[PDB]
Each structure stands twice: as structure tokens, then as C-alpha cells.
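Here is the structure we will look at, set down as C-alpha cells.
There are 2 protein chains.
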Amino acid sequence: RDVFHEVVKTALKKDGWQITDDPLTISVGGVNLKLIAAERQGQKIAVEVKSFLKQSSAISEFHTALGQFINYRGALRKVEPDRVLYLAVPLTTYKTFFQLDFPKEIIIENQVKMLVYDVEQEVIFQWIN
Amino acid sequence: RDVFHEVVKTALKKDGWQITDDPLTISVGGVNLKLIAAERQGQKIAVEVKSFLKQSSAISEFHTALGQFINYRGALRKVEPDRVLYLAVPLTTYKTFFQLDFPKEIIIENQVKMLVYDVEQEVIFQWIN
Ligand SMILES: [Cl-]
Ligand SMILES: [Cl-]
Numbered sequence: 004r005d006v007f008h009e010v011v012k013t014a015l016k017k018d019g020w021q022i023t024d025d026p027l028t029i030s031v032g033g034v035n036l044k045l046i047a048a049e050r051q052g053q054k055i056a057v058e059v060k061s062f063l064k065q066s067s068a069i070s071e072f073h074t075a076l077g078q079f080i081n082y083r084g085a086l087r088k089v090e091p092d093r094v095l096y097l098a099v100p101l102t103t104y105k106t107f108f109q110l111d112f113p114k115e116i117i118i119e120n121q122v123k124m125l126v127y128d129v130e131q132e133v134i135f136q137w138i139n
Numbered sequence: 004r005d006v007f008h009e010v011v012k013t014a015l016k017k018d019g020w021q022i023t024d025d026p027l028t029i030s031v032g033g034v035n036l044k045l046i047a048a049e050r051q052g053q054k055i056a057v058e059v060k061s062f063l064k065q066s067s068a069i070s071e072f073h074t075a076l077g078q079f080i081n082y083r084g085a086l087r088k089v090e091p092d093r094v095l096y097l098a099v100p101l102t103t104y105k106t107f108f109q110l111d112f113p114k115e116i117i118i119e120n121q122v123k124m125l126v127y128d129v130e131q132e133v134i135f136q137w138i139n
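As you go down the protein sequences, you meet chains B and A in turn.
Going by the entry's author numbering, the letters in the first sequence line up with residues 4 to 36, 44 to 139, in that order.
Going by the entry's author numbering, the letters in the second sequence line up with residues 4 to 36, 44 to 139, in that order.
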């Protein structure tokens with residue numbers, strides 16, 4: 004987990020993003036919810059890092075990742091509404107699991123913004139807004 | 004898990020619901036996603059059972075429950091669109107965690123329908139549509 008977290012931080016910095024908080028902690032509405047907070051030229055983001063390791067089903071990993079995304083997005087609206095949340099996904103996962111019809115559709119239905127990163131090279135491949 | 008599953012089945016049957024599948028299996032769009047399928051007077055439902063045990067944070071349990079709910083709901087639309095999905099929550103959880111401002115708001119923002127059940131008495135307390 005720490006490794007993939009560091010890969011995404013590296014990929015962000017290579018594109019000129021400034022890491023401002025890690026973890027970004029969010030407390031709201033009676034609940035305390044490691045997200046990466048970053049910014050570039052005043053544009054603020056939060057990144058939910060996932061590795062989608064073969065150790066568990068991609069679908070089980072997706073359930074938790076999706077729920078986290080919706081909760082974090084909902085919380086951020088009411089705490090830091092200018093900070094946009096992205097789900098960070100490895101390119102390999104993006105090209106396989108996320109090209110299957112169902113996950114692709116759920117992501118779109120739920121406006122799940124994504125940061126697709128190449129793990130080996132530690133770079134940002136694509137932002138999906 | 005099996006215990007709470009049986010409690011909800013018991014609660015459903017006491018209210019005249021006929022259990023038709025357990026587990027209700029859902030395969031769609033390249034993914035194979044124990045939901046309870048039940049019906050009464052032609053009205054069809056699917057129930058996602060959660061116990062919200064103190065072993066883990068309620069928020070962590072909620073992330074996974076929410077993601078599962080959204081995925082199952084989205085899959086059911088495209089497979090069995092007349093079967094309405096409910097998140098089954100214990101009354102104790104309902105009166106505590108789900109009365110906190112944040113979870114309450116996320117549930118409403120996401121149309122998370124609920125079946126609130128009393129665990130000790132094994133009855134359905136409230137349907138939240
Ligand atoms: Cl990759
Ligand atoms: Cl209860």
C-alpha cells in the first residue's frame with residue numbers, strides 16, 4: 004500500500020503537482036474518515059490510491075474503492091468544495107477490469123473521476139474527468 | 004455473517020415475504036458479483059445484509075456496504091429491473107451511526123433504501139424507501 008502510494012506521489016510530482024497533505028484527513032458530520047491532497051496552479055485535488063492487487067477479486071476491491079470514493083467525495087463537498095477527488099488506478103487495471111462493460115458503466119454512472127498511472131514508470135498517463 | 008443473514012430471513016418471513024433465492028447471483032457486463047431475493051404479492055426485492063459489528067469501524071464497514079449497494083443496484087437495473095435493492099441495517103446501528111449527520115446525508119444523497127431490522131426479536135422495524 005505504501006509503495007503504490009509513493010508511486011502516485013512520484014507521478015504527481017513529475018507533472019508539477021505539489022503535495023500539500025498526506026494523509027488528507029477529513030472530519031465531518033460526526034465521522035472521522044491515506045488520501046493525498048495536492049495542488050497545481052491553484053487547482054486542488056484529492057487522490058484515493060488503489061493498486062487492485064490480484065490478492066483479492068478486482069470486484070471486491072472495487073466495491074470498497076467505490077464506497078470510499080462516494081463517501082470521500084460527499085464529505086469533501088461539505089468541507090473543501092474546491093478540492094476535486096480522483097480514484098487513482100494502475101494502467102494495467104484500467105486496461106483490463108475497467109474496460110469490462112459493468113465497471114466501465116458504473117464509473118460513468120457515478121462520475122468517478124480517475125487518475126490512471128503507470129506503475130513501473132511512475133507517471134500519470136491520463137486524467138479522466 | 005450467517006447468523007445475521009438468518010435473522011433477516013426470519014424477519015422477512017414473519018412479514019409474509021417469500022424467499023426465492025439465497026444467494027441471489029448476479030452476472031453482468033463481464034463481472035460476476044449473499045444477497046437475499048424475496049417477493050411478496052408480486053413486489054420483488056433484493057436485500058444486502060449488514061451487521062455492522064464493533065470489530066471494525068462503522069465507517070469502514072459503511073464504505074464497503076455503500077460500494078456494494080451502488081454496484082448491486084446498478085447491476086440489477088440491467089438484469090432484473092423490477093427487483094428493488096435494500097441495505098438491511100440493525101436497529102441499533104440505525105439509531106446510532108445512521109443518525110450521525112454524515113452517514114444520514116450520504117444515504118439520502120445516494121437513495122440508499124434501507125430495511126431496518128431488530129436483531130434480538132428478528133423482526134422488520136421499518137422500510138425506508
Ligand atoms: Cl501500470
Ligand atoms: Cl437491533
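C-beta: ideal position from N, C-alpha, C; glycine also.
Over what stretch of residues does the beta strand (DSSP E) that includes residue i continue unbroken?
i, result
"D128/A", "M124 to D128"
"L45/B", "No beta strand (DSSP E) contains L45/B, which DSSP labels as neither H nor E."
"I22/B", "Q21 to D24"
"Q53/A", "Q53 to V59"
How many whole angstroms separate the CB atoms of residue i and residue j, which I take to be in contact at a CB cut-off of 8 Å?
i, j, result
"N139/B", "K123/B", "5 Å"
"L95/A", "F135/A", "That pair is no contact at about 18 Å."
"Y82/B", "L36/B", "6 Å"
"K44/A", "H8/A", "6 Å"
Grouping DSSP H, G and I as helix and E and B as strand, with all else coil, what is residue i?
i, result
"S30/A", "strand"
"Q136/A", "strand"
Within the continuous alpha helix (DSSP H) that includes residue i, where are the two ends?
i, result
"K16/A", "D5 to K17"
Do residue j and residue i come within 9 Å of each other at the CB atom, strictly closer than that value?
i, j, result
"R4/B", "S61/B", "yes"
"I69/A", "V34/B", "yes"
"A56/B", "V133/B", "no"
"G77/A", "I29/B", "no"
"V10/B", "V129/B", "yes"
**Request:** Run through the stretch 86-134 of chain A for me and flag every whole beta strand (DSSP E) of 3 or more residues, listed as ranges in chain order.
**Result:** List check, beta strand (DSSP E) in window: 93-100 and 124-128.
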